[PDB]
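Colleague: Contents of model22.tsv (TSV, C-alpha atoms):
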```
chain	number	residue	atom	x	y	z
S	1	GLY	CA	95.73	91.80	102.43
S	2	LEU	CA	93.53	94.92	102.19
S	3	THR	CA	94.34	95.73	98.53
S	4	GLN	CA	92.56	94.52	95.37
S	5	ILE	CA	95.72	93.46	93.47
S	6	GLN	CA	95.86	89.67	93.30
S	7	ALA	CA	98.52	88.02	95.49
S	8	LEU	CA	98.66	85.62	98.48
S	9	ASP	CA	97.45	87.75	101.42
S	10	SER	CA	99.15	87.67	104.86
S	11	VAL	CA	95.73	87.34	106.56
S	12	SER	CA	92.74	86.87	104.25
S	13	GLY	CA	91.39	87.14	100.68
S	14	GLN	CA	92.93	86.75	97.22
S	15	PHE	CA	94.92	90.04	97.25
S	16	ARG	CA	98.18	91.71	98.40
S	17	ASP	CA	99.15	93.37	101.65
S	18	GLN	CA	98.74	97.16	101.61
S	19	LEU	CA	102.39	97.43	102.67
S	20	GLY	CA	103.58	94.75	100.20
```
Is it possible to express this structure as structure tokens?
Modeller:
Amino acid sequence: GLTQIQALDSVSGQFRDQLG
């Protein structure tokens, strides 16, 4: 997701969803 806190994104990248 669009954050910069590391998690498995819904869409793309190494970070969390902005929702959660």
Colleague: Edge lengths and centre in Å to one decimal, as lines of an AutoDock Vina configuration file, is what I'm after for the box along x, y and z that holds all listed atoms of segment 2-15 of chain S once 6 Å is added on each side.
Modeller:
```
center_x = 95.3
center_y = 90.7
center_z = 99.9
size_x = 19.8
size_y = 22.1
size_z = 25.3
```
Colleague: Please identify all polymer residues within 7 Å of residue 18 of chain S, counting all atoms listed in the file, omitting same-chain residues fewer than 6 positions from it, and present them as JSON, numbers by chain.
Modeller: {"S": [1, 2, 3]}
Colleague: Show me, as a PDB file with C-alpha atoms, in the frame of the given file, the residues that have an atom within 10 Å of residue 4 of chain S when counting only C-alpha atoms, minus same-chain residues fewer than 3 positions from it.
Modeller:
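Once everything was written out, this is selection.pdb:
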```pdb
ATOM      1  CA  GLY S   1      95.730  91.800 102.430  1.00  0.00           C
ATOM      2  CA  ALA S   7      98.520  88.020  95.490  1.00  0.00           C
ATOM      3  CA  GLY S  13      91.390  87.140 100.680  1.00  0.00           C
ATOM      4  CA  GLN S  14      92.930  86.750  97.220  1.00  0.00           C
ATOM      5  CA  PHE S  15      94.920  90.040  97.250  1.00  0.00           C
ATOM      6  CA  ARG S  16      98.180  91.710  98.400  1.00  0.00           C
ATOM      7  CA  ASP S  17      99.150  93.370 101.650  1.00  0.00           C
ATOM      8  CA  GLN S  18      98.740  97.160 101.610  1.00  0.00           C
TER       9      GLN S  18
END
```
Colleague: Would you kindly place N, CA, C and O atoms on chain S and return the model as a compact mmCIF listing (two decimals), keeping the file's coordinate frame?
Modeller:
```txt
# COMPACT_ATOMS: atom_id res chain seq x y z
N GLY S 1 95.73 90.47 101.83
CA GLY S 1 95.73 91.80 102.43
C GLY S 1 94.58 92.68 101.97
O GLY S 1 93.67 92.27 101.24
N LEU S 2 94.57 93.94 102.43
CA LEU S 2 93.53 94.92 102.19
C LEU S 2 93.47 95.55 100.81
O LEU S 2 92.55 96.31 100.51
N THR S 3 94.41 95.27 99.90
CA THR S 3 94.34 95.73 98.53
C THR S 3 93.29 95.00 97.70
O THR S 3 92.54 94.18 98.21
N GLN S 4 93.26 95.28 96.39
CA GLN S 4 92.56 94.52 95.37
C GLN S 4 93.47 94.19 94.20
O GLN S 4 92.99 94.13 93.07
N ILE S 5 94.76 93.95 94.44
CA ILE S 5 95.72 93.46 93.47
C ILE S 5 96.04 92.02 93.84
O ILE S 5 96.39 91.76 94.99
N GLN S 6 95.79 91.07 92.94
CA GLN S 6 95.86 89.67 93.30
C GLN S 6 97.27 89.23 93.69
O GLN S 6 98.23 89.47 92.96
N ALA S 7 97.36 88.66 94.89
CA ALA S 7 98.52 88.02 95.49
C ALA S 7 98.06 87.16 96.66
O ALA S 7 96.92 87.32 97.09
N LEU S 8 98.94 86.36 97.26
CA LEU S 8 98.66 85.62 98.48
C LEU S 8 98.71 86.55 99.69
O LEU S 8 99.78 87.02 100.05
N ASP S 9 97.55 86.86 100.28
CA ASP S 9 97.45 87.75 101.42
C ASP S 9 98.15 87.21 102.66
O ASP S 9 98.25 86.00 102.85
N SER S 10 98.64 88.06 103.56
CA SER S 10 99.15 87.67 104.86
C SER S 10 98.08 87.01 105.71
O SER S 10 98.37 86.06 106.44
N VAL S 11 96.87 87.57 105.69
CA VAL S 11 95.73 87.34 106.56
C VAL S 11 94.59 86.62 105.84
O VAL S 11 94.22 85.52 106.22
N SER S 12 93.99 87.29 104.85
CA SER S 12 92.74 86.87 104.25
C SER S 12 92.53 87.45 102.85
O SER S 12 93.06 88.51 102.54
N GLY S 13 91.74 86.75 102.03
CA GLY S 13 91.39 87.14 100.68
C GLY S 13 92.44 86.76 99.65
O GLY S 13 93.51 86.25 99.97
N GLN S 14 92.12 87.05 98.39
CA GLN S 14 92.93 86.75 97.22
C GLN S 14 93.90 87.84 96.80
O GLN S 14 94.35 87.81 95.65
N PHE S 15 94.18 88.85 97.62
CA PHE S 15 94.92 90.04 97.25
C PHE S 15 96.13 90.34 98.13
O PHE S 15 96.31 89.75 99.19
N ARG S 16 96.97 91.29 97.72
CA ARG S 16 98.18 91.71 98.40
C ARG S 16 97.92 92.49 99.68
O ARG S 16 96.90 93.16 99.82
N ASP S 17 98.91 92.43 100.57
CA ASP S 17 99.15 93.37 101.65
C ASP S 17 99.28 94.80 101.13
O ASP S 17 99.84 95.04 100.06
N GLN S 18 98.74 95.74 101.90
CA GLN S 18 98.74 97.16 101.61
C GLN S 18 100.12 97.79 101.70
O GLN S 18 100.47 98.71 100.96
N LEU S 19 100.95 97.26 102.60
CA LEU S 19 102.39 97.43 102.67
C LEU S 19 103.08 96.83 101.45
O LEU S 19 103.67 97.57 100.67
N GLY S 20 102.96 95.52 101.27
CA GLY S 20 103.58 94.75 100.20
C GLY S 20 103.75 93.28 100.52
O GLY S 20 103.85 92.49 99.56
```
